[PDB]
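Working notes for the structure below.
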Amino acid sequence: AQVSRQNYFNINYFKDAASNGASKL
Amino acid sequence: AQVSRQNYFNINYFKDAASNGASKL
Amino acid sequence: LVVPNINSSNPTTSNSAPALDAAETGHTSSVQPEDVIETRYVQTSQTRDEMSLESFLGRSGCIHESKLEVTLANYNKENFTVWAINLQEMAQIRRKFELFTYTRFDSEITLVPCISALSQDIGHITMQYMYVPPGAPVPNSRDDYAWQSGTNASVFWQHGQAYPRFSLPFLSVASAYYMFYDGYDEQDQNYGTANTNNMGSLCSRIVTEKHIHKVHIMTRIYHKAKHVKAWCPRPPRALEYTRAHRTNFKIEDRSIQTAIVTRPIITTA
Amino acid sequence: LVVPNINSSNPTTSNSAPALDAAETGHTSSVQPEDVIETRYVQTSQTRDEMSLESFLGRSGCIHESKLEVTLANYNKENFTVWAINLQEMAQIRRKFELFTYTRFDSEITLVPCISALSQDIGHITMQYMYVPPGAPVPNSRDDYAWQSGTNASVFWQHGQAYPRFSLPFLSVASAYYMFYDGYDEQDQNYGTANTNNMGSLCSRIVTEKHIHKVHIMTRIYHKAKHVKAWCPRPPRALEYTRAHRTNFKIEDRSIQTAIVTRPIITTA
Amino acid sequence: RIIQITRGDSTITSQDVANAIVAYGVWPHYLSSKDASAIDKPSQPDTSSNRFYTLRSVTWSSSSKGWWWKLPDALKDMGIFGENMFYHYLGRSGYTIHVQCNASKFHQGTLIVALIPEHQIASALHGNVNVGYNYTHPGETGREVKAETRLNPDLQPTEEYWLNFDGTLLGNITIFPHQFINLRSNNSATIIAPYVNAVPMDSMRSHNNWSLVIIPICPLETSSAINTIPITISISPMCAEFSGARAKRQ
Amino acid sequence: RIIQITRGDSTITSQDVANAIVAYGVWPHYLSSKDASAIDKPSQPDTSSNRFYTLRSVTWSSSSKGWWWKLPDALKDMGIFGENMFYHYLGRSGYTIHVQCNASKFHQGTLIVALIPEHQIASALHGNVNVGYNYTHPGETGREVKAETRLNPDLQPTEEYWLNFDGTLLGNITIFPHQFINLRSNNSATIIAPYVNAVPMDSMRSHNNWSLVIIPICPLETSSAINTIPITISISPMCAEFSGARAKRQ
Amino acid sequence: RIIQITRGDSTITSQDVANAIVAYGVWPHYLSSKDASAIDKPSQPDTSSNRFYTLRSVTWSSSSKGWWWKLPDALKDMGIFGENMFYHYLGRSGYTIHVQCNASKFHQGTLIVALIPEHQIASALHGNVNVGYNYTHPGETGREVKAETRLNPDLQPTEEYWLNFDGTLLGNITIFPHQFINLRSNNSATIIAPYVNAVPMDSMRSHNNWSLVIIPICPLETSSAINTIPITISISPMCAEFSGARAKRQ
Amino acid sequence: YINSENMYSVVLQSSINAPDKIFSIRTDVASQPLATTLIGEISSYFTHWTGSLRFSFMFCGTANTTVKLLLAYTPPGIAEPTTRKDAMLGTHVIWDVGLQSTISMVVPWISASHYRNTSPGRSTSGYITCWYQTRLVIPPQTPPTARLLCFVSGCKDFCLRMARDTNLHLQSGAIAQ
Ligand SMILES: CCCCCCCCCCCC(=O)O
Ligand SMILES: CCCCCCCCCCCC(=O)O
């Protein structure tokens, strides 16, 4: 799963909701 | 192999049954 | 996330005045550059991304430095710290959040252990950090059974191990952390955010057993807010913070010093 | 994993009483909020996930701290520890599991070596940890051939190497680890879980050869239960544990102190 | 440029207003079957409660520096509302706040009318003091900005208005739901406020969700005979809800 | 032969009852858009009001001759209901009357429980006397049948129970909504009463639509240690409605 | 609200019971071809074994504090069952436990009847003592809660009932298969127990899979002539299975 | 009664002829004395909780013995009700003992917030008072006292979170191998 900001990959290696990186907008 | 909890990847890098992470429910 | 652009404007001679309004309404008057001046036409790139909530509080800051002083002798008796958890302790941080009446978010806690050596050597030091929830048994010795952490969350750090850090799911029992609280106790007491934002407490203790070298542990604690929402913005803090969980601010025998710089005369800045 | 929601309830005037039951049955009486009170209607989010077996015992805790004291002189003769393996040694843990009559699960063992320095220097220290099964030859010296670990499982740790840790497949020769045991020996002796839960023993020994600096090794052992099932829940332990593999609890010249707090009068808590 | 507000068995007018403003832009409503936690049939007294309740007029002069009241509480004595308030542990509501104050074409002066959420004031003192329940619970009278020694300054809120009472600057107050009464333009202000707070309902007693604040930003000047005018306050709660039916607390 | 009655945040039981009886056979309801005359939005406090209100237990003995209370009034102090009662001119409601009284297989005795409409009692005197407001407005305590001189017998209701208090014979009392508590059979009675009266709503104060009456038709006899048992009363109003919102009368 | 239990050549009744309860909710059965490890043709004596075996009635008084027996063992002398028990190394079974105890409408008192798995009691002493085989192997008589010095307290189980004998609080005992005999309501309890234990079968001698426990939670009070009633116990094993056929051990 | 069964029972008098309190307890699951009960003890391993509670009461007196109690939960925000009036204005349940020994009744989760602290400060979940509705009544020849038991369990509703170490139990000084 990869995207476009202001291309890169980023799935969540972690099982818990909080574990995850910074949100999008 | 990736899923949804309370999306992330997780195969088992390990050959033995016990080696594996915490179970699901 | 983009900013609107600026449109050519023209020599208005309208019976309609947009510039004239009334603030009484309680509204911010809707007037844009073009409205008032024959303007250019500008394609704006400018980005508010950074001006995003998560972009603001989404930065790691310090909230607490918990210094533990190693005492060889009564080793298994002292040599443990406690900290009632909260953010109200470290202005920088505090102020930001204190920007809004409520906030909701998960927390990424990051640690920075510092060993100030005292004997000519450090040796091998191992720290433990048990997050202790309200109700959980509080450790009372460097050897309290409590550090068996059979259900509690504890994280270990030793000399040479890289900065520890973990993640924490928005706690509280209500939709959001209260930044302020116009209310009291079930016992009409403690007018303060203090009523609610008991989160439990953080505890550290050196594991390394009775040894030789007197030394000091200076674990600093750092916090990034994740997955953020907030409501009801409030004016910023104007002066120094006195105490936690209180808005108080009047200081022992000293001026009420704002931030406003004074001047000689208004007809010159 | 969700909790049911709450349904609007209404002014019952039934010939049918659900609230009236009899505990004699041995059953927990089936009555829900609505049954007894004109209730609201609530959409419940609340999650029992965390309230999951694996979520409980699925946390790493300490079960044993095995302190080894380096003695320069007779170096190759002592300087090795032993530990008869079991969980019955470290309340926190013990109590939880002691929640059920049987448990089955694999184990993740995590290690925490701590070098308490004694000479002005540590030098280079290397530990070995041989898991020694029941029947396997027990080491009797810092240099027992046994530490050739030709079939045994041994794991090495040195100063600077990050916490070691490994995984272990549910052992035993029956479907589950016995938490309790209302039985004796083939020789009517030892009424205790002790009959079964011999797992063999854990052994450590510093590899680093005869050297200079007297020092101490404080390897702490930590255990997370994985892939968990359990049956027949029992009441929790009420007081302190006396000894392992025994339910005993009466203590040398001291009160039978529960946890119940006493009060003045029932018509006031 | 006019206005007629009706609630319960009560109706307000004002021959001249700035178009009232809505709290954070959310018209008040009952509690969501989805959000609720009070698992019992809430009581909604409706026309009896959700009506207009007129306060105790305070007197503005060329010397007045400010006043405030906290919500709920204020209307702790006002009919069923008040009653229902104590008789139930929990309650929820939003209100319509209508602040009125006439004068004449021959006066000048300006008031900031501002409703504040979780308005935590600050005791006026150095070190471990707090605020005394009794003091943030004035009732209909409210607090005046009186600068002249109190019986227990150990639990007195700051009498420092311009600091919004909490270490924030007046003037960065507009960040809240607010209007201005500017005698020369309007003669009354109005605000409608939904329930705001991080839980479905909260204790009517232990806590004040709100906090109205008025301040003469612009001193009441006049060459007229009357140099002291009154400021009346009228409030209607809306969507009045109570759970936890029991005895009346005191 | 059992029973569980739930109202507001309150629930009653009785492991043994005679199947409660409905007032005149009409289950209570709100006011008809067609009948109403109160041209204002009535207030319906619902779970808060329409709940169970337990009285003040009176003591029955081998010597007790009777008691009564009047409705409304009785519950003039009982939460919102009471409050809403005075704060509004007009009100309407029906109630659930549950009279409970346990004893034992080793007692005997019988009580007539009867709810009376427009129950006009008669002062106990010869010529131009009337009854004194205060006396037909006892509150939760009710009137006991005390035969021993009163402070102002000039306005005392007759203490003549067997005459139903009004020149009608007890025994032709059953013509009203009634049950019997016969210790040897049941242990509590119950009645549900709609609004009855020749107008939509009436003054909660000036008038009592109802009037419960109990009478030991059959003396409490026993060889048991306890020869005095209590009689508790619990009442839930239903479909609570008030119009004419104003100040609280005293 | 009745009951008739039949097993082998034996049948029980009880004109009044609380509907018996099943162990962990699993009706007993023979050993799974899939689970078994005993690689020999098990013996199933059936009607001869799987029958009702009545114990030795123990006497309850206003002073009795508790009793227990362990299963198997208890029925170590009871016909084929007992015999087959020793003659085979291994055995498996579940049982039907029927605890009966009549009294009268004129008594009061309450017993907790609870079946416990792997019930490891605790010797009543400080430091390295254990429990003595002989003491957790009473037979049909069971253990009484006798608080008065034993011949070898060095291997005596705690006589501390309320601590469930094992450092768990009585009252958190219900977490086990249990019923209550409450004289005023029922007059006997019943429980059916499957084989529970972490292996197919286990030594009939070396180990007691179970452990019944009774405790007068509520003291036997009465004004009646008989102030001491007996408590009888009757047990039927079910699905009786033995492997490891050899000589009879002693 | 502290180290006997008798702490689990409550006694009632045939001699009491009035609206008298009989006992009361805080509601918080890990409140005393609940704390030590299964649920309480379990809760004592988490920091948060929410749900309704199921309290059950069993009469034990002779079969011929009658009574009518009043079980009342009073919402926090106020203090222990002193009179029966004061009590019954809250959520309650009039219990008639007749044939079925028991009578379960519920403590509706009624919080300002969603979850609550397993370990409470000065904050409460109200209490559960117990009153004489009638009078414990017996015949001639009968025990004049009555045992009354009390249990607790969580409703379809109940739920815990935030895993943490238990306090209802400790270890000071090592265990012997
Ligand atoms: C063990 C790590 C502790 C980190 C806690 C972050 C929680 C923030 C709660 C905000 C409460 C406050 O300060 O008002
Ligand atoms: C070498 C690592 C040892 C870890 C052993 C975990 C096995 C747990 C067995 C439980 C037996 C008991 O304590 O009753």
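How things are named: the first chain in the structure tokens is A, the next is B, and so on; residues count from 1 in each chain; ligands count from 1 in the order shown.
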
Within 7 Å of ligand 2, counting only C-alpha atoms and all ligand atoms, which protein or nucleic acid residues do you find, written as a PyMOL selection string? chain D and resi 85-88+107+109+131+177-179+193+197+199+202

Restrict the selected residues to N, CA, C and O atoms and save them as a compact mmCIF listing (two decimals), in the first residue's frame.
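out.txt was written with the following content:
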# COMPACT_ATOMS: atom_id res chain seq x y z
N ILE D 85 13.31 -25.75 36.93
CA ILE D 85 12.41 -24.86 36.19
C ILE D 85 10.97 -24.90 36.69
O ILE D 85 10.42 -25.98 36.96
N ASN D 86 10.37 -23.73 36.81
CA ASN D 86 8.98 -23.67 37.14
C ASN D 86 8.57 -22.25 37.30
O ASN D 86 9.40 -21.39 37.44
N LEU D 87 7.26 -22.02 37.32
CA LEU D 87 6.69 -20.67 37.42
C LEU D 87 6.22 -20.36 38.84
O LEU D 87 6.08 -19.18 39.20
N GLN D 88 6.00 -21.43 39.62
CA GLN D 88 5.52 -21.36 40.99
C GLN D 88 6.42 -20.53 41.89
O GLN D 88 6.29 -20.54 43.09
N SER D 107 5.94 -21.12 25.33
CA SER D 107 6.54 -20.11 26.20
C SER D 107 7.62 -19.30 25.48
O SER D 107 8.47 -19.87 24.80
N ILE D 109 10.78 -17.22 26.35
CA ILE D 109 11.64 -16.87 27.46
C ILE D 109 12.57 -15.73 27.09
O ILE D 109 13.22 -15.76 26.06
N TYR D 131 19.68 -25.00 28.78
CA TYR D 131 18.48 -25.66 29.23
C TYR D 131 18.78 -27.15 29.37
O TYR D 131 19.13 -27.83 28.39
N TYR D 177 -0.25 -28.34 31.16
CA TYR D 177 0.45 -28.15 32.42
C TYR D 177 -0.58 -28.18 33.55
O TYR D 177 -1.60 -27.46 33.50
N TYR D 178 -0.32 -28.99 34.57
CA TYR D 178 -1.17 -29.00 35.73
C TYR D 178 -0.92 -27.78 36.61
O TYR D 178 0.19 -27.63 37.07
N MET D 179 -1.93 -26.94 36.85
CA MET D 179 -1.71 -25.83 37.78
C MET D 179 -1.72 -26.29 39.22
O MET D 179 -0.94 -25.76 40.04
N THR D 193 1.79 -30.54 42.90
CA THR D 193 2.04 -30.29 41.48
C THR D 193 3.44 -30.74 41.18
O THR D 193 3.75 -30.97 40.05
N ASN D 197 5.43 -31.47 37.18
CA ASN D 197 6.04 -30.24 36.62
C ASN D 197 7.56 -30.09 36.89
O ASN D 197 8.10 -28.99 37.02
N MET D 199 10.43 -30.11 34.86
CA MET D 199 10.67 -29.79 33.45
C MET D 199 12.16 -29.96 33.09
O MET D 199 12.57 -29.77 31.95
N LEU D 202 17.46 -25.14 34.39
CA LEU D 202 18.24 -24.18 33.62
C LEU D 202 19.60 -23.96 34.27
O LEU D 202 19.71 -23.90 35.49

Write out as a list in words which residues come within 8 Å of residue 19 (chain B) when counting only C-alpha atoms, dropping same-chain ones fewer than 4 positions away. residues 14 and 15 of chain B; 167 and 168 of chain D

Write the residues of the selection above to a file with N, CA and C atoms, as a JSON list (two decimals), in the first residue's frame.
[["chain", "number", "residue", "atom", "x", "y", "z"],
["B", 14, "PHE", "N", 9.71, -17.76, 10.83],
["B", 14, "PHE", "CA", 10.16, -18.96, 11.53],
["B", 14, "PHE", "C", 9.53, -20.32, 11.21],
["B", 15, "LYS", "N", 10.37, -21.34, 11.23],
["B", 15, "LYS", "CA", 10.01, -22.66, 10.73],
["B", 15, "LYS", "C", 9.28, -23.47, 11.78],
["D", 167, "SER", "N", 12.05, -19.20, 22.07],
["D", 167, "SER", "CA", 10.74, -19.67, 22.16],
["D", 167, "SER", "C", 10.76, -21.13, 22.46],
["D", 168, "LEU", "N", 9.77, -21.56, 23.19],
["D", 168, "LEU", "CA", 9.70, -22.91, 23.68],
["D", 168, "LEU", "C", 8.29, -23.45, 23.53]]

Compile the residues of chain F that lie within 7 Å of chain D, evaluated using only C-alpha atoms, and express the compilation as number ranges by chain. F: 2-11

Select all residues from chain H having any atom no more than 7 Å from an atom of chain G (counting only C-alpha atoms, ignoring ligands), output as a list in words. residues 4, 5, 37, 38, 60, 61, 62, 63, 64, 101, 141, 142, 143 and 147 of chain H

Can you list, as a PDB file with C-alpha atoms, in the first residue's frame, every protein, DNA or RNA residue that comes within 12 Å of residue 23 (chain B) when you count only C-alpha atoms, leaving out same-chain residues fewer than 3 positions away?
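Final file, selection_29.pdb:
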ATOM      1  CA  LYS A  15      -1.068  -5.412  15.317  1.00  0.00           C
TER       2      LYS A  15
ATOM      3  CA  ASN B  10       2.652 -10.732   8.982  1.00  0.00           C
ATOM      4  CA  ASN B  12       6.084 -16.205   9.905  1.00  0.00           C
ATOM      5  CA  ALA B  17       5.167 -23.652  15.322  1.00  0.00           C
ATOM      6  CA  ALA B  18       6.098 -22.038  18.620  1.00  0.00           C
ATOM      7  CA  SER B  19       8.332 -19.428  17.005  1.00  0.00           C
ATOM      8  CA  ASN B  20       5.275 -17.640  15.767  1.00  0.00           C
TER       9      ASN B  20
ATOM     10  CA  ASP D  49     -10.392  -8.224  22.923  1.00  0.00           C
ATOM     11  CA  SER D  52      -8.960 -12.457  25.949  1.00  0.00           C
ATOM     12  CA  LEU D  53      -7.018 -15.336  27.502  1.00  0.00           C
ATOM     13  CA  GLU D  54      -3.986 -14.741  25.284  1.00  0.00           C
ATOM     14  CA  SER D  55      -4.391 -11.039  26.059  1.00  0.00           C
ATOM     15  CA  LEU D  57      -1.156 -14.351  30.024  1.00  0.00           C
ATOM     16  CA  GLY D  58       0.161 -13.151  26.731  1.00  0.00           C
ATOM     17  CA  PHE D 105       0.717 -22.896  25.796  1.00  0.00           C
ATOM     18  CA  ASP D 106       4.065 -22.350  24.289  1.00  0.00           C
ATOM     19  CA  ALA D 225       2.703 -17.334  27.410  1.00  0.00           C
ATOM     20  CA  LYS D 226       1.776 -17.885  23.702  1.00  0.00           C
ATOM     21  CA  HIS D 227      -1.062 -19.666  21.873  1.00  0.00           C
ATOM     22  CA  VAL D 228      -3.075 -20.124  25.046  1.00  0.00           C
ATOM     23  CA  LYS D 229      -5.909 -22.255  26.304  1.00  0.00           C
TER      24      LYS D 229
END

Would you list which chain B residues are within 10 Å of chain A using only C-alpha atoms, as a CSV table (one decimal) with N, CA, C and O atoms, in the first residue's frame?
chain,number,residue,atom,x,y,z
B,2,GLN,N,-2.0,-10.2,5.1
B,2,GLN,CA,-2.3,-9.0,6.0
B,2,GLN,C,-3.8,-8.8,6.3
B,2,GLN,O,-4.6,-9.1,5.5
B,3,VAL,N,-4.1,-8.2,7.5
B,3,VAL,CA,-5.4,-8.2,8.1
B,3,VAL,C,-5.9,-6.9,8.8
B,3,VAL,O,-5.3,-5.9,8.8
B,4,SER,N,-7.1,-7.0,9.5
B,4,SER,CA,-7.7,-5.9,10.3
B,4,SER,C,-8.1,-6.2,11.8
B,4,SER,O,-8.8,-7.1,12.0
B,5,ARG,N,-7.5,-5.4,12.7
B,5,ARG,CA,-7.8,-5.5,14.2
B,5,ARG,C,-8.7,-4.5,14.9
B,5,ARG,O,-9.7,-3.9,14.2
B,6,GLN,N,-8.5,-4.2,16.2
B,6,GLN,CA,-9.2,-3.1,17.0
B,6,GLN,C,-8.5,-1.8,17.0
B,6,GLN,O,-8.6,-1.1,15.9
B,7,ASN,N,-4.6,-1.9,8.2
B,7,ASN,CA,-4.0,-3.1,7.5
B,7,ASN,C,-2.5,-3.2,7.7
B,7,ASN,O,-1.7,-2.3,7.6
B,8,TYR,N,-2.1,-4.4,8.0
B,8,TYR,CA,-0.7,-4.7,8.3
B,8,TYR,C,-0.3,-6.2,7.9
B,8,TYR,O,-1.2,-7.1,7.9
B,9,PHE,N,0.9,-6.4,7.6
B,9,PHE,CA,1.4,-7.7,7.1
B,9,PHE,C,2.0,-8.5,8.2
B,9,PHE,O,2.4,-8.0,9.3
B,10,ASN,N,2.1,-9.8,8.0
B,10,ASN,CA,2.7,-10.7,9.0
B,10,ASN,C,2.7,-12.2,8.5
B,10,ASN,O,1.7,-12.9,8.5
B,22,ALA,N,1.8,-13.8,18.6
B,22,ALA,CA,0.7,-14.0,19.4
B,22,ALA,C,-0.5,-14.4,18.5
B,22,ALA,O,-0.7,-13.9,17.4

Using backbone DSSP assignments, extract all helix (DSSP H, G or I) residues from region 108-248 of chain G; output them as a PyMOL selection string. chain G and resi 133-136+139-141+153-155+161-163

Write the selection just made, keeping N, CA, C and O atoms, as a PDB file, in the first residue's frame?
ATOM      1  N   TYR G 133      -0.418 -38.878  52.542  1.00  0.00           N
ATOM      2  CA  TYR G 133      -1.302 -39.663  51.724  1.00  0.00           C
ATOM      3  C   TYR G 133      -2.546 -40.045  52.523  1.00  0.00           C
ATOM      4  O   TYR G 133      -3.664 -39.690  52.147  1.00  0.00           O
ATOM      5  N   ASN G 134      -2.324 -40.721  53.659  1.00  0.00           N
ATOM      6  CA  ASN G 134      -3.412 -41.325  54.399  1.00  0.00           C
ATOM      7  C   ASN G 134      -4.536 -40.366  54.652  1.00  0.00           C
ATOM      8  O   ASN G 134      -5.688 -40.787  54.724  1.00  0.00           O
ATOM      9  N   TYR G 135      -4.200 -39.066  54.722  1.00  0.00           N
ATOM     10  CA  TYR G 135      -5.114 -37.979  55.192  1.00  0.00           C
ATOM     11  C   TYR G 135      -5.989 -37.391  54.112  1.00  0.00           C
ATOM     12  O   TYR G 135      -7.094 -36.998  54.352  1.00  0.00           O
ATOM     13  N   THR G 136      -5.489 -37.375  52.911  1.00  0.00           N
ATOM     14  CA  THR G 136      -6.329 -37.111  51.774  1.00  0.00           C
ATOM     15  C   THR G 136      -6.845 -38.414  51.164  1.00  0.00           C
ATOM     16  O   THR G 136      -7.134 -38.447  49.963  1.00  0.00           O
ATOM     17  N   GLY G 139     -11.721 -42.273  52.550  1.00  0.00           N
ATOM     18  CA  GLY G 139     -12.678 -43.274  52.168  1.00  0.00           C
ATOM     19  C   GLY G 139     -14.033 -42.669  52.341  1.00  0.00           C
ATOM     20  O   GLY G 139     -14.156 -41.455  52.230  1.00  0.00           O
ATOM     21  N   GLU G 140     -15.020 -43.499  52.626  1.00  0.00           N
ATOM     22  CA  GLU G 140     -16.450 -43.070  52.692  1.00  0.00           C
ATOM     23  C   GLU G 140     -16.797 -42.129  53.820  1.00  0.00           C
ATOM     24  O   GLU G 140     -17.812 -41.434  53.785  1.00  0.00           O
ATOM     25  N   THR G 141     -15.953 -42.128  54.834  1.00  0.00           N
ATOM     26  CA  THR G 141     -16.171 -41.360  56.033  1.00  0.00           C
ATOM     27  C   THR G 141     -16.008 -39.858  55.802  1.00  0.00           C
ATOM     28  O   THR G 141     -16.728 -39.011  56.381  1.00  0.00           O
ATOM     29  N   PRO G 153       0.252 -33.530  63.251  1.00  0.00           N
ATOM     30  CA  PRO G 153      -0.048 -32.248  62.605  1.00  0.00           C
ATOM     31  C   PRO G 153       1.023 -31.860  61.591  1.00  0.00           C
ATOM     32  O   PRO G 153       0.877 -30.858  60.892  1.00  0.00           O
ATOM     33  N   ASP G 154       2.090 -32.651  61.519  1.00  0.00           N
ATOM     34  CA  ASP G 154       3.180 -32.384  60.588  1.00  0.00           C
ATOM     35  C   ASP G 154       2.768 -32.691  59.152  1.00  0.00           C
ATOM     36  O   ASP G 154       3.407 -32.240  58.202  1.00  0.00           O
ATOM     37  N   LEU G 155       1.696 -33.463  59.002  1.00  0.00           N
ATOM     38  CA  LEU G 155       1.198 -33.833  57.682  1.00  0.00           C
ATOM     39  C   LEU G 155      -0.309 -33.622  57.583  1.00  0.00           C
ATOM     40  O   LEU G 155      -0.975 -34.216  56.733  1.00  0.00           O
ATOM     41  N   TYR G 161     -11.593 -24.330  56.694  1.00  0.00           N
ATOM     42  CA  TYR G 161     -12.688 -24.316  55.702  1.00  0.00           C
ATOM     43  C   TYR G 161     -12.852 -22.978  54.914  1.00  0.00           C
ATOM     44  O   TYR G 161     -12.502 -22.887  53.734  1.00  0.00           O
ATOM     45  N   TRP G 162     -13.370 -21.948  55.568  1.00  0.00           N
ATOM     46  CA  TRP G 162     -13.557 -20.655  54.926  1.00  0.00           C
ATOM     47  C   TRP G 162     -12.391 -20.223  53.948  1.00  0.00           C
ATOM     48  O   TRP G 162     -12.561 -19.333  53.111  1.00  0.00           O
ATOM     49  N   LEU G 163     -11.223 -20.866  54.047  1.00  0.00           N
ATOM     50  CA  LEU G 163     -10.148 -20.623  53.099  1.00  0.00           C
ATOM     51  C   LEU G 163     -10.106 -21.672  52.051  1.00  0.00           C
ATOM     52  O   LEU G 163      -9.087 -21.877  51.406  1.00  0.00           O
TER      53      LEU G 163
END

What residues in chain C have any atom no more than 8 Å from chain D when counting only C-alpha atoms, and can you write them as a ChimeraX atom specification? /C:120-121,123-126,145-146,148-151,160-161,207-213

How would the residues just chosen look if you wrote them out with C-alpha atoms as a compact mmCIF listing (two decimals), in the first residue's frame?
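Final output, saved to part13.txt:
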# COMPACT_ATOMS: atom_id res chain seq x y z
CA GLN C 120 35.69 6.18 38.31
CA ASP C 121 33.54 3.50 36.57
CA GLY C 123 29.76 -0.82 35.36
CA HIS C 124 26.57 -2.44 34.08
CA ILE C 125 23.28 -0.72 34.77
CA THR C 126 19.82 -1.94 34.01
CA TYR C 145 7.18 -7.96 44.25
CA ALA C 146 5.37 -5.36 42.07
CA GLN C 148 7.36 -8.95 38.67
CA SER C 149 5.04 -6.98 36.37
CA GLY C 150 2.83 -10.04 35.84
CA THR C 151 0.15 -7.96 34.07
CA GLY C 160 24.30 0.57 25.37
CA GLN C 161 20.71 -0.29 24.39
CA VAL C 207 17.68 -3.88 38.35
CA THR C 208 21.40 -4.27 38.63
CA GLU C 209 21.91 -5.74 42.07
CA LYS C 210 23.94 -4.39 45.00
CA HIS C 211 27.27 -3.22 43.55
CA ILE C 212 30.20 -0.75 43.79
CA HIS C 213 29.87 2.43 41.85

Give me, as CSV, each residue of chain F that comes within 10 Å of chain E, together with its shortest interatomic pair and the distance in Å at one decimal, counting only C-alpha atoms, with rows ordered by chain and rising residue number.
residue,atom,partner,partner_atom,distance
F:8,CA,E:41,CA,7.3
F:9,CA,E:245,CA,6.7
F:10,CA,E:245,CA,9.4
F:40,CA,E:9,CA,7.4
F:41,CA,E:47,CA,6.4
F:42,CA,E:47,CA,6.7
F:43,CA,E:47,CA,5.3
F:44,CA,E:45,CA,5.4
F:45,CA,E:45,CA,4.0
F:46,CA,E:43,CA,5.6
F:47,CA,E:43,CA,5.3
F:48,CA,E:43,CA,5.4
F:49,CA,E:43,CA,8.2
F:50,CA,E:43,CA,9.7
F:51,CA,E:245,CA,9.2
F:78,CA,E:247,CA,8.8
F:79,CA,E:87,CA,6.7
F:80,CA,E:84,CA,6.0
F:81,CA,E:80,CA,9.1
F:82,CA,E:80,CA,9.8
F:83,CA,E:80,CA,6.5
F:84,CA,E:80,CA,6.0
F:85,CA,E:80,CA,9.6
F:86,CA,E:79,CA,9.8
F:87,CA,E:79,CA,6.7
F:88,CA,E:48,CA,8.6
F:240,CA,E:45,CA,9.9
F:241,CA,E:45,CA,9.6
F:242,CA,E:48,CA,8.0
F:243,CA,E:48,CA,8.1
F:244,CA,E:9,CA,8.1
F:245,CA,E:48,CA,6.3
F:246,CA,E:79,CA,8.3
F:247,CA,E:79,CA,7.2
F:248,CA,E:79,CA,7.0

Every residue of region 195-251 of chain D that DSSP places in strand (DSSP E), as a PyMOL selection string: chain D and resi 201-206+215-233

Dump as a ChimeraX atom specification the residues of chain D that approach chain H to within 6 Å, counting only C-alpha atoms. /D:19-22,240,242-244,259,266-269

Would you kindly return, as an NGL selection string, each protein, DNA or RNA residue with an atom no farther than 10 Å from any atom of residue 146 (chain F), considering only C-alpha atoms and excluding same-chain residues fewer than 2 positions away? :F and (64-67 or 143-144 or 148-150 or 159-160)

Please compute the CA of residue 238 (chain F)-CA of residue 29 (chain F) distance, one decimal, in Å.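 Separation between CA of residue 238 (chain F) and CA of residue 29 (chain F): 7.7 Å.
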
By how many Å are CA of residue 68 (chain C) and CA of residue 120 (chain H) apart? 28.7 Å

Do you know which residues are at most 8 Å from residue 118 (chain G) counting only C-alpha atoms, after dropping those on the same chain fewer than 4 positions away, and could you put them as a list in words?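 In the requested form, the answer reads residues 101, 180, 181, 182 and 183 of chain D; 197, 208, 209, 210 and 211 of chain G.
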